Every structure is written in C-alpha cells, then in structure tokens.
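Given as structure tokens, the chain that follows is alone and in the form deposited in one PDB entry.
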C-alpha cells in the first residue's frame, strides 16, 4: 500500500495547483498579445483540446497504473508499459526534468517571498513623465536582489536576504512535503487554492478600477482581447499555443504522473482530470488576463502596449507591475498581494515538482518519507547554488528541462503508453472507473493528432533553437551528471 488522496476535491485542487505556480497569469496574456490577441484563442483552445486534454488524461492513467503496483515515477512505470532496458533510461528523464526544474524554480519562488516581505514592510524604491524614470529603480531593485552583475560578468552576487529567504522557502516546502500527500500536499491545496482565487479576484477588481492619464484597464482588456485572424495564417502562432499548453496543464514535468500514483486503483481520473485541467484553463484566461496586461496598458498606454508584450512575461511580473503598484493608491500593499499570490501559487508547483524525486526514493529505494523529503531537499538546495551564483545558469537549465524537456518527454509518454503498451490496452486503462468516459473521438486524437503536433513542435525548436559564454558548459556538465546520478540510483534500485 501507499499514501492516497483523501478527497476528490483535494486531489483536483492539488493537481490544478501544480500549474498555477508556473506563472501563467503573466505567461498567457503575453503569448496572447503577441499572437493575434483574441484570435489567439483559436490556436489556444485547439491546442488545449487536441494536445492538452489527451496528454493530460494519458499522464493521469500512467500514474494510476504505476501507483497500483507501487511505482510513482517513470523509470519504473515505463518498464511496466514497455519491458525494456531503453524504457528505464528514458524514464530517468521523468525524474531528471522535475529535479532540474526544482533546482532553479524554488529559488525563483523564493524571490516572490522576499519581494512580498520587502513590500509589506515598505523596503521598496519609491519614485519619483516617462517609463524609464519609473521602471529603472525597480530594475535595479530586482537586479540587486538576484545579484545580476552590471556587465557580462559570469558571477552573480545575490544578497544575503535573498539567500536567507531561499533557506526559509526550502523550509516551507519541506514542511508541506514531510507531512505527506493527504496530511501535507492535500491539506495545503484545499486551503491555499481557494485563498488564491479570492486574492486573485481582489486584484482583478482592483485592476479594473485603474485610471491614469495614459490609459485605462478597459484599453488593456481591449488591447489584449482584440482578435486578428491574419496572425492565424502564420504557423508560429500555432507553435506558441501548443507550447503554452504544456504550462497551463503542466504537461511533461513528471508531476501529474507522480500525483496520480496516489489515486487508488479504480478511482476516477477521467472526470477528475478534466476538472483539474478546466480549472487551470479558466483561471489563467480570466484571472490571468484581467490583471497583468490590463494594469500594464492602463498605466503606460496603448502606445507602449506593444513594448510591454515584447518585454516578456517575467519582466511584467517582477519589474513592470511592482513599478505600476508603486504609483497607485495603497500600492505598497498591492505589491505585497501580487508577490504573495505568486509565492503561494508557486508553492503548489514546487512541492509537486519535488514529489517525483521523493516518490522515487520511497517507492524504488525504500526510504522513509522523512529521509526522502530531506535528501530531495538537500539535493535541490545544494544544486541551486549553481543557479544562485553562476550567470545564465538558470537559463540553461530552463531550456533543457523546462522548454525542450517537457515537450520531448510529453511525446515519450504518449508513444510508450498509446503505441508500445497498446492503444486498446491504454484506452481501457484511462476510461476504467471513470464517472464520465472519454469520447471515442479522442482515440484518433491520442494516436495520431497529438503525437503529430508534438512532433511538429519538436522539429520547429530543433531547427530554430539548436544553435560562446563557457559558463553554460558548467551547467550542462552538472545536469548531465545529475542524469548519471539518477541512472545510478535507478540501477541501485534494480539490484535491491
């Protein structure tokens, strides 16, 4: 036997939680603003239907199939679906990807905590018109916290505050994970997910009331959701939608499979998975599209709305919005809520992105939950020093694991399960015990459409983003060693 989810609600709130921390409140509207505004819904909804939902259900079934046999991670689950030596090595990726993401994500999550503390106590720059006059003091503020050097220097010089807050952040993640699934992860989601919703609605209401001489939030929603179907001719818009889907549903990160391995043998996953995925989609379109960009376009105007979009999602949430809140009534408290929202949202994703390593140490190496959590914490905390001190090291990990990895591994899940294990055998496994059954239209979708989409996407990135700065070689060296480390642990699990 193993740990199990206590309630259907807690399972859904925990499953939906591991995608709200991926920054979709910033990620989605930026992608929508740069791919036809409201016309981006056609690629986004289709990618949500032809790629997201089928790959989501697939990850739910692979976890429950593995969890019934006591295996919450993919080095063992792949071996069940494909009795082969190549399947165990491919399974290492489903343990390597979430571990590498945690090595830099928890540190980023710690930024939101430290920024929430500084805003709460008022230790923020308070300017004083032009955007650079307002944005630059908060650019220095983030760069002084992270320790970004002034030039091409390879060394980061993070503040002691950022380091201490990172320690505190790791302590919070351990406190949730060391309690377990029901006592820890599920108890956290049932409380924080509703709190995130209430807190997000307040920001939405507070943003809709923004009025500056340069624009209104109505212009922000108008700019964000004005459709332009001329963009739909460009295949790049469809590339951005499918890749976006991997983040609204957290596909390929190894988190859905591990969380689903604690779903009991016959408990429903079809309806419970569709609800958690629908919760993810609506929460990022409504709440996410009503805060970040509307507040940005309202403050700077429609003239800078194009520049805000090209600036990117991360700059919007760590530079632009704090600078906007700085110039609004009660904005020091408003900035606290924004970073409090990002922290507690990210807290759902970090505990879920470290559970596969914990489940592996538990299921395959027979370690206690206490020792599995603390060893996982030690591996992540130690390795994060590479991200905290080496410039552009975060980017290198985010590229191999966060970008290419989840799309490559998502294609791997769909092939091992729906082709090698048997499509009919896989279809039985998904719809088994389902309160609602998957429509048979998704059979052709899972077997042909979704793998084709992921194959087209992988080649596009293999052509565009395949080709100085020797510090990335150190990062490549370290994450490759982590793969050798996990392969050795998988090997040690076979001997036991």
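Positions refer to the first chain, counted from 1.
Not on display, but discussed next: the form solved in complex with a small molecule.
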Given that the partner is absent here, does residue 359 sit within 4.5 Å of the small molecule in the deposited bound form, heavy atoms only? no
Taking the shortest heavy atom distance, is residue 247 within 4.5 Å of the small molecule in the deposited bound form? yes
Since only the chain is shown here, I'm wondering whether residue 260 would be in contact with the small molecule in the deposited bound form (any heavy atom pair within 4.5 Å). no
Counting only non-hydrogen atoms and a 4.5 angstroms cut-off, does residue 352 reach the small molecule in the deposited bound form? yes
